[PDB]
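Q: run-v7.json is the file, holding JSON, C-alpha atoms and all ligand atoms:
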[["chain", "number", "residue", "atom", "x", "y", "z"],
["A", 6, "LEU", "CA", 90.90, 103.14, 116.40],
["A", 7, "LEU", "CA", 89.37, 99.73, 115.70],
["A", 8, "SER", "CA", 91.36, 96.52, 116.02],
["A", 9, "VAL", "CA", 93.55, 95.61, 113.03],
["A", 10, "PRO", "CA", 93.52, 92.78, 111.91],
["A", 11, "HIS", "CA", 89.76, 93.30, 112.10],
["A", 12, "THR", "CA", 87.60, 90.17, 111.88],
["A", 13, "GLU", "CA", 83.80, 90.14, 112.04],
["A", 14, "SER", "CA", 80.96, 87.74, 111.42],
["A", 15, "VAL", "CA", 78.79, 89.00, 108.55],
["A", 16, "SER", "CA", 75.76, 88.08, 106.48],
["A", 17, "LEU", "CA", 75.43, 89.56, 103.00],
["A", 18, "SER", "CA", 72.82, 89.59, 100.27],
["A", 19, "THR", "CA", 72.12, 91.63, 97.16],
["A", 20, "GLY", "CA", 71.95, 95.23, 98.31],
["A", 21, "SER", "CA", 74.31, 94.92, 101.27],
["A", 22, "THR", "CA", 77.06, 97.51, 101.66],
["A", 23, "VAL", "CA", 80.32, 97.00, 103.56],
["A", 24, "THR", "CA", 81.74, 100.37, 104.63],
["A", 25, "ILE", "CA", 85.38, 100.70, 105.67],
["A", 26, "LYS", "CA", 87.03, 103.96, 106.74],
["A", 27, "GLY", "CA", 90.73, 104.05, 107.47],
["A", 28, "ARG", "CA", 94.11, 105.58, 106.77],
["A", 29, "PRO", "CA", 97.41, 104.14, 105.49],
["A", 30, "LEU", "CA", 100.01, 103.74, 108.21],
["A", 31, "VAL", "CA", 102.98, 104.94, 106.10],
["A", 32, "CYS", "CA", 103.94, 106.97, 103.02],
["A", 33, "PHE", "CA", 102.60, 105.62, 99.73],
["A", 34, "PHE", "CA", 106.18, 105.69, 98.45],
["A", 35, "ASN", "CA", 106.86, 102.62, 100.61],
["A", 36, "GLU", "CA", 103.79, 100.76, 99.27],
["A", 37, "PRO", "CA", 101.65, 100.09, 102.33],
["A", 38, "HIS", "CA", 98.93, 97.55, 101.63],
["A", 39, "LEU", "CA", 95.27, 97.17, 102.51],
["A", 40, "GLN", "CA", 93.53, 93.81, 102.35],
["A", 41, "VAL", "CA", 89.83, 93.00, 102.67],
["A", 42, "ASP", "CA", 88.85, 89.32, 102.52],
["A", 43, "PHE", "CA", 85.25, 88.05, 102.36],
["A", 44, "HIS", "CA", 85.55, 84.56, 103.94],
["A", 45, "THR", "CA", 83.21, 81.56, 103.93],
["A", 46, "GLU", "CA", 83.84, 80.75, 107.61],
["A", 47, "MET", "CA", 85.13, 82.48, 110.72],
["A", 48, "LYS", "CA", 88.49, 80.68, 110.49],
["A", 49, "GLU", "CA", 91.21, 82.76, 108.79],
["A", 50, "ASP", "CA", 92.33, 79.99, 106.44],
["A", 51, "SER", "CA", 88.78, 79.42, 105.21],
["A", 52, "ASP", "CA", 87.90, 80.07, 101.58],
["A", 53, "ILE", "CA", 87.68, 83.64, 100.29],
["A", 54, "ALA", "CA", 84.81, 84.67, 98.02],
["A", 55, "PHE", "CA", 86.38, 88.12, 97.45],
["A", 56, "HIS", "CA", 90.03, 89.03, 98.11],
["A", 57, "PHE", "CA", 90.68, 92.77, 97.66],
["A", 58, "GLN", "CA", 94.31, 93.83, 98.12],
["A", 59, "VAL", "CA", 95.45, 97.41, 97.46],
["A", 60, "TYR", "CA", 99.17, 98.00, 96.88],
["A", 61, "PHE", "CA", 98.88, 101.71, 97.69],
["A", 62, "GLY", "CA", 100.44, 103.82, 94.95],
["A", 63, "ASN", "CA", 100.99, 100.76, 92.73],
["A", 64, "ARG", "CA", 98.09, 98.45, 91.83],
["A", 65, "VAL", "CA", 95.08, 96.50, 93.11],
["A", 66, "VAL", "CA", 94.82, 92.70, 93.02],
["A", 67, "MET", "CA", 91.56, 90.75, 93.32],
["A", 68, "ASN", "CA", 90.94, 87.00, 93.46],
["A", 69, "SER", "CA", 89.09, 84.18, 95.17],
["A", 70, "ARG", "CA", 90.47, 81.28, 97.19],
["A", 71, "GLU", "CA", 88.29, 78.23, 96.54],
["A", 72, "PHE", "CA", 88.93, 74.90, 98.29],
["A", 73, "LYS", "CA", 92.21, 76.41, 99.56],
["A", 74, "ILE", "CA", 93.41, 77.33, 96.03],
["A", 75, "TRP", "CA", 93.90, 80.85, 94.68],
["A", 76, "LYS", "CA", 92.02, 81.22, 91.40],
["A", 77, "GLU", "CA", 92.37, 83.65, 88.48],
["A", 78, "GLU", "CA", 93.93, 86.94, 89.56],
["A", 79, "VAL", "CA", 92.27, 90.19, 88.49],
["A", 80, "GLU", "CA", 94.39, 93.35, 88.47],
["A", 81, "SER", "CA", 93.59, 97.05, 88.35],
["A", 82, "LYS", "CA", 95.87, 100.05, 87.98],
["A", 83, "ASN", "CA", 93.14, 102.40, 89.20],
["A", 84, "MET", "CA", 94.65, 104.26, 92.17],
["A", 85, "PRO", "CA", 92.19, 106.90, 93.42],
["A", 86, "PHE", "CA", 93.62, 106.75, 96.95],
["A", 87, "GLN", "CA", 95.45, 109.84, 98.20],
["A", 88, "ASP", "CA", 98.77, 109.68, 100.07],
["A", 89, "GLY", "CA", 98.29, 110.12, 103.81],
["A", 90, "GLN", "CA", 94.53, 110.67, 103.61],
["A", 91, "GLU", "CA", 91.63, 108.89, 105.23],
["A", 92, "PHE", "CA", 89.60, 106.93, 102.68],
["A", 93, "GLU", "CA", 86.07, 105.53, 102.71],
["A", 94, "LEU", "CA", 85.58, 102.18, 100.98],
["A", 95, "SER", "CA", 82.04, 101.08, 100.16],
["A", 96, "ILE", "CA", 81.87, 97.52, 98.84],
["A", 97, "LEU", "CA", 78.44, 97.10, 97.26],
["A", 98, "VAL", "CA", 77.07, 93.57, 96.96],
["A", 99, "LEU", "CA", 75.35, 93.66, 93.58],
["A", 100, "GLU", "CA", 73.48, 90.79, 91.98],
["A", 101, "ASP", "CA", 76.37, 89.97, 89.65],
["A", 102, "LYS", "CA", 79.49, 91.28, 91.41],
["A", 103, "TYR", "CA", 81.10, 93.12, 94.27],
["A", 104, "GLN", "CA", 81.67, 96.77, 93.39],
["A", 105, "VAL", "CA", 84.28, 98.69, 95.38],
["A", 106, "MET", "CA", 83.73, 102.42, 95.67],
["A", 107, "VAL", "CA", 86.43, 104.77, 96.94],
["A", 108, "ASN", "CA", 85.04, 108.00, 98.39],
["A", 109, "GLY", "CA", 81.70, 107.40, 96.68],
["A", 110, "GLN", "CA", 82.75, 106.38, 93.14],
["A", 111, "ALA", "CA", 83.15, 102.83, 91.81],
["A", 112, "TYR", "CA", 86.68, 101.86, 90.74],
["A", 113, "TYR", "CA", 86.83, 98.06, 91.08],
["A", 114, "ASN", "CA", 84.44, 95.22, 90.23],
["A", 115, "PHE", "CA", 84.64, 91.47, 90.86],
["A", 116, "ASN", "CA", 82.01, 89.09, 89.50],
["A", 117, "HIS", "CA", 80.77, 86.53, 91.99],
["A", 118, "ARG", "CA", 82.58, 83.22, 91.89],
["A", 119, "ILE", "CA", 81.14, 81.89, 95.19],
["A", 120, "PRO", "CA", 77.49, 82.61, 96.12],
["A", 121, "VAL", "CA", 77.16, 85.70, 98.30],
["A", 122, "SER", "CA", 75.17, 83.60, 100.78],
["A", 123, "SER", "CA", 78.34, 81.56, 101.52],
["A", 124, "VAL", "CA", 80.14, 84.58, 103.01],
["A", 125, "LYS", "CA", 80.17, 84.47, 106.82],
["A", 126, "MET", "CA", 83.16, 86.62, 107.82],
["A", 127, "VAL", "CA", 85.10, 89.66, 106.64],
["A", 128, "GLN", "CA", 88.68, 90.41, 107.65],
["A", 129, "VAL", "CA", 90.35, 93.80, 107.12],
["A", 130, "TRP", "CA", 94.10, 93.99, 107.65],
["A", 131, "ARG", "CA", 97.65, 95.07, 106.61],
["A", 132, "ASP", "CA", 99.04, 98.61, 106.77],
["A", 133, "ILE", "CA", 96.08, 100.77, 107.78],
["A", 134, "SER", "CA", 94.46, 102.22, 110.83],
["A", 135, "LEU", "CA", 90.73, 101.53, 110.95],
["A", 136, "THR", "CA", 88.09, 103.96, 112.20],
["A", 137, "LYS", "CA", 84.88, 102.44, 110.79],
["A", 138, "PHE", "CA", 83.70, 98.98, 109.79],
["A", 139, "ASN", "CA", 79.98, 98.50, 109.11],
["A", 140, "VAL", "CA", 77.82, 96.01, 107.26],
["A", 141, "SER", "CA", 74.50, 97.51, 106.24],
["A", 142, "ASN", "CA", 71.38, 96.16, 107.94],
["W", 6, "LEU", "CA", 104.03, 95.30, 122.53],
["W", 7, "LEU", "CA", 106.21, 97.89, 120.79],
["W", 8, "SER", "CA", 104.80, 100.36, 118.28],
["W", 9, "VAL", "CA", 104.34, 99.06, 114.73],
["W", 10, "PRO", "CA", 105.30, 100.71, 112.36],
["W", 11, "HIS", "CA", 108.45, 100.97, 114.47],
["W", 12, "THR", "CA", 110.93, 103.70, 113.50],
["W", 13, "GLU", "CA", 114.21, 104.38, 115.29],
["W", 14, "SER", "CA", 117.35, 106.40, 114.77],
["W", 15, "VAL", "CA", 120.36, 104.07, 114.49],
["W", 16, "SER", "CA", 124.09, 104.09, 113.89],
["W", 17, "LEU", "CA", 125.71, 100.97, 112.49],
["W", 18, "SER", "CA", 129.24, 99.78, 111.80],
["W", 19, "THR", "CA", 130.94, 96.46, 111.13],
["W", 20, "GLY", "CA", 130.03, 94.23, 114.06],
["W", 21, "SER", "CA", 126.67, 95.82, 114.86],
["W", 22, "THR", "CA", 123.68, 93.54, 115.37],
["W", 23, "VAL", "CA", 120.03, 94.54, 114.93],
["W", 24, "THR", "CA", 117.80, 92.21, 116.95],
["W", 25, "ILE", "CA", 114.07, 91.99, 116.23],
["W", 26, "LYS", "CA", 111.64, 89.71, 118.08],
["W", 27, "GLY", "CA", 108.04, 89.50, 116.98],
["W", 28, "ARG", "CA", 105.14, 87.35, 115.86],
["W", 29, "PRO", "CA", 103.03, 87.28, 112.68],
["W", 30, "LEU", "CA", 99.58, 88.77, 113.15],
["W", 31, "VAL", "CA", 97.73, 86.14, 111.06],
["W", 32, "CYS", "CA", 97.95, 82.61, 109.67],
["W", 33, "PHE", "CA", 100.82, 82.02, 107.23],
["W", 34, "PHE", "CA", 98.22, 80.69, 104.78],
["W", 35, "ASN", "CA", 97.12, 84.30, 104.22],
["W", 36, "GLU", "CA", 100.71, 85.50, 103.61],
["W", 37, "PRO", "CA", 101.33, 88.11, 106.29],
["W", 38, "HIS", "CA", 104.41, 90.17, 105.58],
["W", 39, "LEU", "CA", 107.30, 91.53, 107.61],
["W", 40, "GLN", "CA", 109.42, 94.42, 106.36],
["W", 41, "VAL", "CA", 112.65, 95.82, 107.78],
["W", 42, "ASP", "CA", 114.15, 98.85, 106.01],
["W", 43, "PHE", "CA", 117.58, 100.33, 106.79],
["W", 44, "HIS", "CA", 117.14, 104.01, 105.75],
["W", 45, "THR", "CA", 119.66, 106.77, 105.08],
["W", 46, "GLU", "CA", 117.57, 109.43, 106.87],
["W", 47, "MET", "CA", 114.78, 109.62, 109.42],
["W", 48, "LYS", "CA", 112.20, 110.43, 106.73],
["W", 49, "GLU", "CA", 110.25, 107.37, 105.53],
["W", 50, "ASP", "CA", 110.74, 108.09, 101.83],
["W", 51, "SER", "CA", 114.50, 108.38, 102.25],
["W", 52, "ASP", "CA", 116.80, 105.92, 100.51],
["W", 53, "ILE", "CA", 117.04, 102.35, 101.76],
["W", 54, "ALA", "CA", 120.42, 100.64, 102.07],
["W", 55, "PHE", "CA", 118.77, 97.31, 102.94],
["W", 56, "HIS", "CA", 115.13, 96.39, 102.28],
["W", 57, "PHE", "CA", 114.19, 93.02, 103.82],
["W", 58, "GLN", "CA", 110.62, 91.87, 103.11],
["W", 59, "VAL", "CA", 109.37, 88.44, 104.18],
["W", 60, "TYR", "CA", 106.26, 87.07, 102.46],
["W", 61, "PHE", "CA", 105.59, 84.58, 105.26],
["W", 62, "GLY", "CA", 105.13, 81.08, 103.88],
["W", 63, "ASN", "CA", 106.10, 82.19, 100.36],
["W", 64, "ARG", "CA", 109.41, 83.98, 99.72],
["W", 65, "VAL", "CA", 111.78, 86.74, 100.84],
["W", 66, "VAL", "CA", 112.63, 89.80, 98.73],
["W", 67, "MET", "CA", 115.66, 92.04, 99.28],
["W", 68, "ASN", "CA", 116.71, 95.24, 97.52],
["W", 69, "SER", "CA", 118.00, 98.77, 97.91],
["W", 70, "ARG", "CA", 116.32, 102.06, 97.03],
["W", 71, "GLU", "CA", 119.00, 104.48, 95.82],
["W", 72, "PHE", "CA", 118.15, 108.07, 94.84],
["W", 73, "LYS", "CA", 114.46, 107.08, 95.11],
["W", 74, "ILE", "CA", 114.85, 104.14, 92.66],
["W", 75, "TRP", "CA", 114.49, 100.45, 93.52],
["W", 76, "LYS", "CA", 117.56, 98.56, 92.32],
["W", 77, "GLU", "CA", 118.19, 94.89, 91.53],
["W", 78, "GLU", "CA", 115.83, 92.61, 93.45],
["W", 79, "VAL", "CA", 117.28, 89.63, 95.32],
["W", 80, "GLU", "CA", 114.95, 86.74, 96.16],
["W", 81, "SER", "CA", 115.15, 83.81, 98.54],
["W", 82, "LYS", "CA", 112.85, 80.84, 98.98],
["W", 83, "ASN", "CA", 114.35, 80.04, 102.39],
["W", 84, "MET", "CA", 111.41, 80.01, 104.81],
["W", 85, "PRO", "CA", 112.62, 78.97, 108.28],
["W", 86, "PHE", "CA", 109.80, 80.88, 109.98],
["W", 87, "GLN", "CA", 107.16, 78.83, 111.78],
["W", 88, "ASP", "CA", 103.43, 79.52, 111.49],
["W", 89, "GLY", "CA", 102.10, 81.37, 114.54],
["W", 90, "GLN", "CA", 105.42, 81.38, 116.39],
["W", 91, "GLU", "CA", 107.52, 84.18, 117.80],
["W", 92, "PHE", "CA", 110.75, 84.61, 115.83],
["W", 93, "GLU", "CA", 114.05, 86.29, 116.64],
["W", 94, "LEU", "CA", 115.77, 88.09, 113.75],
["W", 95, "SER", "CA", 119.42, 89.04, 114.14],
["W", 96, "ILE", "CA", 120.71, 91.19, 111.29],
["W", 97, "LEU", "CA", 124.50, 91.15, 111.49],
["W", 98, "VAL", "CA", 126.37, 94.03, 109.88],
["W", 99, "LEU", "CA", 129.39, 92.29, 108.38],
["W", 100, "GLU", "CA", 132.19, 93.98, 106.48],
["W", 101, "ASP", "CA", 130.80, 92.88, 103.11],
["W", 102, "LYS", "CA", 127.07, 92.34, 103.67],
["W", 103, "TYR", "CA", 124.10, 92.25, 105.97],
["W", 104, "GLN", "CA", 123.44, 88.72, 107.19],
["W", 105, "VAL", "CA", 119.95, 87.91, 108.49],
["W", 106, "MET", "CA", 119.74, 85.14, 111.07],
["W", 107, "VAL", "CA", 116.44, 83.56, 112.06],
["W", 108, "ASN", "CA", 116.52, 82.00, 115.53],
["W", 109, "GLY", "CA", 120.32, 82.01, 115.50],
["W", 110, "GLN", "CA", 121.14, 80.65, 112.02],
["W", 111, "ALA", "CA", 121.92, 82.70, 108.89],
["W", 112, "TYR", "CA", 119.43, 82.34, 106.02],
["W", 113, "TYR", "CA", 119.73, 85.58, 104.03],
["W", 114, "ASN", "CA", 122.65, 87.74, 102.89],
["W", 115, "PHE", "CA", 122.75, 91.10, 101.10],
["W", 116, "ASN", "CA", 126.04, 92.64, 99.98],
["W", 117, "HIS", "CA", 126.40, 96.32, 100.79],
["W", 118, "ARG", "CA", 125.36, 98.67, 98.02],
["W", 119, "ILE", "CA", 125.35, 101.84, 100.18],
["W", 120, "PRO", "CA", 128.04, 102.33, 102.87],
["W", 121, "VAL", "CA", 126.88, 101.14, 106.28],
["W", 122, "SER", "CA", 127.84, 104.55, 107.68],
["W", 123, "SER", "CA", 125.03, 106.13, 105.60],
["W", 124, "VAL", "CA", 122.32, 104.28, 107.54],
["W", 125, "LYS", "CA", 120.60, 106.53, 110.09],
["W", 126, "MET", "CA", 117.19, 104.92, 110.66],
["W", 127, "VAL", "CA", 115.55, 101.49, 110.72],
["W", 128, "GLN", "CA", 111.83, 100.93, 110.24],
["W", 129, "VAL", "CA", 110.08, 97.63, 111.06],
["W", 130, "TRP", "CA", 106.52, 97.21, 109.85],
["W", 131, "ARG", "CA", 103.69, 95.21, 108.17],
["W", 132, "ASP", "CA", 101.85, 92.24, 109.67],
["W", 133, "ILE", "CA", 103.68, 91.51, 112.92],
["W", 134, "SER", "CA", 103.53, 92.33, 116.57],
["W", 135, "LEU", "CA", 106.86, 93.51, 117.94],
["W", 136, "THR", "CA", 108.27, 92.67, 121.37],
["W", 137, "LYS", "CA", 111.96, 93.57, 120.97],
["W", 138, "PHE", "CA", 113.97, 95.98, 118.83],
["W", 139, "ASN", "CA", 117.61, 96.54, 119.76],
["W", 140, "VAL", "CA", 120.73, 97.82, 118.03],
["W", 141, "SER", "CA", 123.88, 96.54, 119.67],
["W", 142, "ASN", "CA", 126.08, 99.07, 121.47],
["Q", 1, "LIG", "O1", 95.93, 86.61, 93.55],
["Q", 1, "LIG", "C1", 95.84, 86.86, 94.93],
["Q", 1, "LIG", "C2", 96.95, 86.09, 95.65],
["Q", 1, "LIG", "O2", 98.18, 86.46, 95.08],
["Q", 1, "LIG", "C3", 99.26, 85.73, 95.61],
["Q", 1, "LIG", "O3", 100.44, 86.26, 95.03],
["Q", 1, "LIG", "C4", 100.43, 86.24, 93.61],
["Q", 1, "LIG", "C5", 100.82, 87.63, 93.08],
["Q", 1, "LIG", "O4", 99.78, 88.57, 93.17],
["Q", 1, "LIG", "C6", 101.19, 87.54, 91.61],
["Q", 1, "LIG", "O5", 101.59, 88.79, 91.11],
["Q", 1, "LIG", "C7", 102.34, 86.56, 91.51],
["Q", 1, "LIG", "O6", 102.81, 86.59, 90.19],
["Q", 1, "LIG", "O7", 101.83, 85.29, 91.79],
["Q", 1, "LIG", "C8", 101.41, 85.16, 93.13],
["Q", 1, "LIG", "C9", 100.77, 83.78, 93.24],
["Q", 1, "LIG", "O8", 101.72, 82.92, 93.79],
["Q", 1, "LIG", "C10", 99.36, 85.85, 97.13],
["Q", 1, "LIG", "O9", 100.22, 84.88, 97.66],
["Q", 1, "LIG", "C11", 98.02, 85.61, 97.80],
["Q", 1, "LIG", "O10", 98.17, 85.91, 99.16],
["Q", 1, "LIG", "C12", 96.95, 86.46, 97.13],
["Q", 1, "LIG", "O11", 97.26, 87.82, 97.26],
["Q", 2, "LIG", "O1", 112.33, 94.85, 95.12],
["Q", 2, "LIG", "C1", 111.76, 95.45, 96.25],
["Q", 2, "LIG", "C2", 110.57, 96.31, 95.81],
["Q", 2, "LIG", "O2", 109.68, 95.50, 95.08],
["Q", 2, "LIG", "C3", 108.61, 96.23, 94.54],
["Q", 2, "LIG", "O3", 107.75, 95.30, 93.92],
["Q", 2, "LIG", "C4", 108.40, 94.50, 92.94],
["Q", 2, "LIG", "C5", 108.08, 93.02, 93.19],
["Q", 2, "LIG", "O4", 108.81, 92.47, 94.25],
["Q", 2, "LIG", "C6", 108.43, 92.19, 91.95],
["Q", 2, "LIG", "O5", 108.11, 90.84, 92.14],
["Q", 2, "LIG", "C7", 107.61, 92.76, 90.81],
["Q", 2, "LIG", "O6", 107.78, 91.92, 89.72],
["Q", 2, "LIG", "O7", 108.13, 94.02, 90.51],
["Q", 2, "LIG", "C8", 107.91, 94.95, 91.55],
["Q", 2, "LIG", "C9", 108.64, 96.23, 91.13],
["Q", 2, "LIG", "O8", 107.69, 97.10, 90.58],
["Q", 2, "LIG", "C10", 107.82, 96.98, 95.62],
["Q", 2, "LIG", "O9", 106.98, 97.94, 95.04],
["Q", 2, "LIG", "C11", 108.74, 97.77, 96.54],
["Q", 2, "LIG", "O10", 107.95, 98.28, 97.58],
["Q", 2, "LIG", "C12", 109.86, 96.86, 97.04],
["Q", 2, "LIG", "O11", 109.32, 95.79, 97.76]]
Is it possible to give me this structure as structure tokens?
A:
Amino acid sequence: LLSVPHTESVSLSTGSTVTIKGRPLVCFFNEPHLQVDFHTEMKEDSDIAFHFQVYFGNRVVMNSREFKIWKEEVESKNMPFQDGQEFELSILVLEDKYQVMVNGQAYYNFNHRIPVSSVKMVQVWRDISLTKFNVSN
Amino acid sequence: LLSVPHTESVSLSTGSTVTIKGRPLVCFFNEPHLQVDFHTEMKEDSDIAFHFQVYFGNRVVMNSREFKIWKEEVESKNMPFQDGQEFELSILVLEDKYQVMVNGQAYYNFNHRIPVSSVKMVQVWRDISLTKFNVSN
């Protein structure tokens, strides 16, 4: 297992992929969460270019935190995750948006609000175990 | 550190105290959560006589899950928890309600919806480290 909360320095550009493999810690019935935050600095309270929060079995919430303020919330009811199963997230950094694949198919998209070049850290946390975290070279 | 998610068999009656000492895993600014669920059986998807969920720095939500259905949600804006600090929760089982103390003072109350004698398990989970879990004898 990798450390959770998991915090890493990153550098991203168009064409980068952030791969995350993990497993929910508890039954979906109890709504475990997963959160992935693309931050502008190493500090945890720094701004967030992409906030991706899964309410397993319920919904997905996406947003940005700009100058310490949460902006317009984006919601999805797509729930391709499977109770108890390991999942593989691939967050593709496209020219216009982040695209979040689950097990190789895109389910969530978030247009860039902050330039991708401002992202310097990614934190993965909440109710998962983590077996892989990789930023493409 | 104790295991988180933390799941224990319990037996409660009027006068029992459930003591929980722990620390949030991340900055309050990012809204770590704490959840404490008093269950009717050892299985995680069993009914919940008392669901206590702290959205650190934001609010507290309380409810019951009866025959697999969430009931009427109770909210509190009391937020005595301190960013980064260890806290001590004491959940007192009173005749009429659960009373949740934080560092020795009561801030939250939840009238019994299920008999206390139906509780057989307590689970403590989400974004905390756990150093103490004790049910009074
Ligand atoms: O939008 C991401 C942001 O949400 C905050 O909580 C929201 C919640 O998602 C929404 O349903 C509710 O109506 O309003 C809240 C805003 O106060 C979280 O506090 C924050 O951590 C992010 O998750
Ligand atoms: O009430 C406890 C229950 O809440 C569910 O989520 C609620 C949420 O708190 C409320 O603000 C929103 O408006 O409605 C939701 C009900 O669908 C959680 O899903 C559940 O896990 C418990 O936390």
Q: Let me have all residues with an atom within 12 Å of ligand LIG 1 (chain Q), counting all atoms listed in the file, laid out as a VMD selection string.
A: (chain A and resid 38 to 42 50 52 to 60 64 to 71 73 to 81 131) or (chain W and resid 31 to 38 59 to 64)
Q: Between CA of residue 139 (chain A) and CA of residue 22 (chain A), measure the distance and give it in Å to one decimal.
A: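 Pair CA of residue 139 (chain A) / CA of residue 22 (chain A) returns 8.1 Å.
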Q: Which residues, written as number ranges by chain, have at least one atom at most 12 Å from residue 134 (chain W), with all atoms listed in the file counted and residues fewer than 4 positions away on the same chain left out?
A: A: 9-10, 131; W: 6-11, 25-31, 37-40, 89-92, 129-130, 138
Q: Using all atoms listed in the file, determine which residues lie at most 9 Å from residue 106 (chain A), disregarding the query and same-chain residues fewer than 2 positions distant; provide the list as a PyMOL selection string.
A: chain A and resi 93-97+104+108-113
Q: Work out how far apart CA of residue 120 (chain A) and CA of residue 49 (chain A) are and give it in Å to one decimal.
A: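 Separating CA of residue 120 (chain A) from CA of residue 49 (chain A) is a distance of 18.7 Å.
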Q: Give the centre and edge lengths of an axis-aligned box, in Å to one decimal, that holds all listed atoms of region 25-34 of chain W with 3 Å on each side, as AutoDock Vina command-line options.
A:
--center_x 105.9 --center_y 86.3 --center_z 111.4 --size_x 22.3 --size_y 17.3 --size_z 19.3
Q: Have a look at A:48, A:102, A:118, A:82 and name the one nearest to chain W; count all atoms listed in the file.
A: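 Ranked by minimum distance to chain W, first place goes to A:48.
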Q: Pick from W:83, W:128, W:142, W:21: nearest to chain A, with all atoms listed in the file counted?
A: W:128
Q: Just how far from CA of residue 12 (chain W) is CA of residue 24 (chain W), in Å to one decimal?
A: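 Between CA of residue 24 (chain W) and CA of residue 12 (chain W) the gap works out to 13.8 Å.
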Q: Pick out the closest residue to chain W from this set: A:14, A:44, A:137, A:123. Count all atoms listed in the file.
A: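 Residue with the minimum atom-to-atom distance to chain W: A:44.
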